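Single-structure report; data block below.
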Amino acid sequence: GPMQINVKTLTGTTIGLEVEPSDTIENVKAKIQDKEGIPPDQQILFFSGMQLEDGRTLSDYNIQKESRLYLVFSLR
Amino acid sequence: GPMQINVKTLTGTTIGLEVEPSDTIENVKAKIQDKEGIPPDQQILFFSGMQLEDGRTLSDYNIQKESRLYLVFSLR
Amino acid sequence: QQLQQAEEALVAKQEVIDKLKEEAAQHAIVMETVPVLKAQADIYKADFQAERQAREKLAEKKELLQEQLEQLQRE
Amino acid sequence: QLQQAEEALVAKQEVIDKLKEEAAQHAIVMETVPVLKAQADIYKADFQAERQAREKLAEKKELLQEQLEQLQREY
Numbered sequence: 024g025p026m027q028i029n030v031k032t033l034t035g036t037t038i039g040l041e042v043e044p045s046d047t048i049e050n051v052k053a054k055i056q057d058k059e060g061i062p063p064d065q066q067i068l069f070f071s072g073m074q075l076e077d078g079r080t081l082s083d084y085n086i087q088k089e090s091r092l093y094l095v096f097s098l099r
Numbered sequence: 024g025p026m027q028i029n030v031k032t033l034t035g036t037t038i039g040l041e042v043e044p045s046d047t048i049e050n051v052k053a054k055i056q057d058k059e060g061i062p063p064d065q066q067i068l069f070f071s072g073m074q075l076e077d078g079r080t081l082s083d084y085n086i087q088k089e090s091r092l093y094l095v096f097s098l099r
Numbered sequence: 005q006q007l008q009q010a011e012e013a014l015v016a017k018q019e020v021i022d023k024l025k026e027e028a029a030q031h032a033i034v035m036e037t038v039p040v041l042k043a044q045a046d047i048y049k050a051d052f053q054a055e056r057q058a059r060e061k062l063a064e065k066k067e068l069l070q071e072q073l074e075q076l077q078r079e
Numbered sequence: 015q016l017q018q019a020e021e022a023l024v025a026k027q028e029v030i031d032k033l034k035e036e037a038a039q040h041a042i043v044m045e046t047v048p049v050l051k052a053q054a055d056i057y058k059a060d061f062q063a064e065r066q067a068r069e070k071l072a073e074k075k076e077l078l079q080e081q082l083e084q085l086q087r088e089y
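Chains as they are written, first to last, in our numbering: chain L, 24 to 99; chain H, 24 to 99; chain B, 5 to 79; chain F, 15 to 89.
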């Protein structure tokens, strides 16, 4: 069912996203781009110290709404 | 007395320095400069999460041979 | 007879476990950012170097121009 | 009846000991956080310096391209 996740940056900024567990990481990175304009091929996402793969899904990493996700991206 | 300390860079390098507990932090940085070519005024040394002052001594921070020391610096 | 001193000591012990679990929750939040900070450092490093290049190339062209200007001021 | 409470009070004790174990083992990795933050801050500040330096060389480049162009026409 369509759930709300929260991708935080190291500066303490938080991006709320409405996602489906079946959604891929590329898919989530596409949402982040439509909102703050960061190209997906330049975002890195983290969950529980793991670097997330474009190809795998939120389901695969067992990401719930309460999940602590991190975003790193280039200064360029 | 005359001891070996190890300084961890974040690029993975461990810099081995022969030092005296009375050696001042600008002295360690000069040794690091001789081994790695990083100017002192551009090195930051860390221990127990705090930055080490150029003018205090290894012994003022109770720094032993086993003490975990990190070096952070600029490439400019 | 002293079953309610053991029961009350069990309680007092859980009050400590809860405090530690709570401290270990907050520790865990910090520690999971460590790989994030490593990644941040690597990207910023590549950002810095990539910008030194673009600016070095622009520093060359600016001298070439300043050299081409002074050669043609021999006229 | 009472010995179940005495062998729970022990269960709680090694839950407290094991929490204090790990809490000392991860104050080690938690003291690389400030190191990682400083490294990232240096690369960020360095990058910004390179960007400002690039923008300044751009201004000069285009300013020289003019002078060159005019004094080429002029002569």
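By construction, the Cβ of each residue, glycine as well, lies at the ideal position given by its N, Cα and C atoms.
Helix, strand or coil for residue i? Go by DSSP, reduced to three states.
i	result
residue 27 of chain H	strand
residue 42 of chain F	coil
residue 79 of chain B	coil
residue 33 of chain H	coil
residue 84 of chain L	helix
residue 43 of chain L	coil
residue 61 of chain L	coil
residue 68 of chain H	strand
residue 15 of chain F	coil
residue 56 of chain B	helix
residue 94 of chain H	strand
Taking the straight line between their C-alpha atoms, what separation do you get for residue i and residue j?
i	j	result
residue 8 of chain B	residue 22 of chain B	21 angstroms
residue 65 of chain L	residue 55 of chain L	11 angstroms
residue 66 of chain B	residue 78 of chain F	8 angstroms
residue 29 of chain B	residue 52 of chain L	28 angstroms
residue 33 of chain B	residue 39 of chain L	19 angstroms
residue 12 of chain B	residue 74 of chain L	46 angstroms
residue 116 of chain B	residue 57 of chain L	The question about residue 116 of chain B has no answer here: the residues shown for chain B are numbered 5 through 79.
residue 83 of chain L	residue 47 of chain L	9 angstroms
residue 27 of chain L	residue 41 of chain L	5 angstroms
residue 51 of chain B	residue 50 of chain F	16 angstroms
residue 72 of chain B	residue 65 of chain F	26 angstroms
residue 59 of chain L	residue 29 of chain L	14 angstroms
residue 16 of chain B	residue 25 of chain B	15 angstroms
residue 27 of chain F	residue 88 of chain H	35 angstroms
residue 38 of chain B	residue 5 of chain B	52 angstroms
residue 14 of chain B	residue 19 of chain F	8 angstroms
residue 24 of chain H	residue 86 of chain H	12 angstroms
residue 54 of chain B	residue 29 of chain F	51 angstroms
residue 88 of chain F	residue 74 of chain B	15 angstroms
residue 45 of chain F	residue 35 of chain B	10 angstroms
residue 67 of chain F	residue 63 of chain L	28 angstroms
residue 40 of chain F	residue 27 of chain B	12 angstroms
residue 73 of chain F	residue 37 of chain H	43 angstroms
residue 62 of chain B	residue 71 of chain F	6 angstroms
Given 6 angstroms as the limit, tell me if residue i has its C-beta closer than that to any heavy atom belonging to the ligand MN.
i	result
residue 18 of chain B	Here there are no bound small molecules, and the ligand MN is not part of this structure.
Residue i: which of the options sits nearest, CA to CA?
i	options	result
residue 49 of chain L	L/89, L/76, L/83	L/76
residue 80 of chain L	L/74, L/44, L/26	L/44
residue 99 of chain L	L/47, L/61, L/29	L/61
Can at least three beta-carbon pairs, one atom from the segment 26-39 of chain H and one from the segment 83-96 of chain H, be found at a separation below 8 angstroms? yes
Any chance the segment 33-50 of chain B sits against the segment 45-55 of chain F, with 3 or more Cβ pairs inside 8 angstroms? yes
With a cut-off of 8 angstroms, do at least 3 Cβ pairs link the segment 79-94 of chain L to the segment 57-71 of chain L? yes
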